[PDB]
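Given next, in structure tokens, is a single chain: the form deposited in one PDB entry.
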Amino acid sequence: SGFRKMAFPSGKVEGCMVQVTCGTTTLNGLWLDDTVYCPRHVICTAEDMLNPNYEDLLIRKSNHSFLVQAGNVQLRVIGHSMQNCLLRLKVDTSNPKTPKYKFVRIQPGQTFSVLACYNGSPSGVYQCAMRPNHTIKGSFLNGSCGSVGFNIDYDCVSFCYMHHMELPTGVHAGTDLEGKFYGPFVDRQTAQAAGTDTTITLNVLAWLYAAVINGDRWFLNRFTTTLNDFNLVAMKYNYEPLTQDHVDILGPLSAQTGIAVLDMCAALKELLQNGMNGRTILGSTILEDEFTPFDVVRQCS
């Protein structure tokens, strides 16, 4: 039974977390083979609080200035580099734990587990979802910068997301492991904003099926509705519109729970237009747009 916030184990990744330092800035690093990735702004001081020139800030730095404390032992930074917003480092020893891996650039709505760390040492791990306007509602703090996101399939860790900034709006922004920021944004403590945010319609619907496979069936109703028709109520409620593509993905939980998707859309369409007033859903008392189809299948298979 049961259902809740569930992240992947962090074993393989914990073995790839290191410490990296530069003057008075020191942030978490991901150490795969012999390379050590980490946010490029690590070389910035209050220089970030303006318009730091990375090219220049960089070229004006050398290896010896990088304190890479891989846990308890300190390696020798044989070199550096720069791949977009990421700072690629090449060191003497290759990591003897480096697990089979890939670098993936997830899409909004997708979910992943994030291993929060401070000075190379992880502390906790939770789940997150690439929100519409490309942000992430995580729990990062002074030094968390460098923490990663990922998913698993035993055998293979697919790295998506590295933490860089926290917008003055309190939300979080980062990149894939190629130094590319998700959504616009820049590693500048300047100017920046977080456009209006939508709700991950599919995730909500997937969660509902979840809430169904585990009792709770009050929200389900007889009235049904259409895809071109539902989308209309979705605009009123900063919801993401529903493609036929999402309908095809819910297909599976649908056939197994015994509830046609467009039907599930009629319940939500209602939930939104009407409300709840007491009757909750799977603990929550709000729609959980933070569980993807596949995420719901994991806990129910």
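In this text, residue numbers run from 1 along the sequence as written. We call the rigid core whatever largest set of C-alpha positions still superposes within 1.5 Å between the two forms. Only residues modelled in both forms are compared.
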| property | result |
| --- | --- |
| Mean temperature factor over C-alpha atoms, higher-scoring stretch between 289-297 and 10-18 | 289-297 |
| Mean Cα B-factor comparison, 65-73 or 258-266, giving the higher one as deposited | 65-73 |
| Per the PDB entry, maximal CA B factor within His163, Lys180, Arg222, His134 | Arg222 |
| Highest-ranked of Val91, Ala129, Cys145, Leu115 once sorted by CA temperature factor in the record | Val91 |
| Third of the chain, ranked by Cα B-factor, where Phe103 sits | lowest |
| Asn274 CA temperature factor, ranked by third within the chain | highest |
| Lowest, middle or highest third - CA B-factor, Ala191 | highest |
| Chain thirds of CA B-factor: placement of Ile213 | highest |
| Within-chain third of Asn51 by Cα B-factor, per the entry | highest |
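Form solved in complex with a partner chain: not shown, discussed below.
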| item | value |
| --- | --- |
| Options 30-38, 267-275, 49-57, 253-261; stretch whose heavy atom lies within 4.5 Å of its partner chain in the entry with it bound | 49-57 |
| Heavy atom within 4.5 Å of its partner chain in the entry with it bound - the one residue of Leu208, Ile200, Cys145, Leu87 that qualifies | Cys145 |
| Option touching its partner chain, based on a heavy atom within 4.5 Å in the entry with it bound, out of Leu220, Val104, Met82, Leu167 | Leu167 |
| is_contact(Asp176, its partner chain) in the entry with it bound, heavy atom dist at most 4.5 Å | no |
| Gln110, heavy atom within 4.5 angstroms of its partner chain in the entry with it bound | no |
| Contact label in the entry with it bound: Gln189 to its partner chain, heavy atom within 4.5 Å | yes |
| Core-aligned C-alpha movement of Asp48 between this form and the one not shown, 2 Å or more | yes |
| Cα separation of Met49 and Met82 in the entry with it bound versus here, shift of 3 Å or more | closer |
| Mobile segments between this form and the one not shown - rigid core superposition, Cα shift of 2 Å or more, 3+ residues | 47-49 |
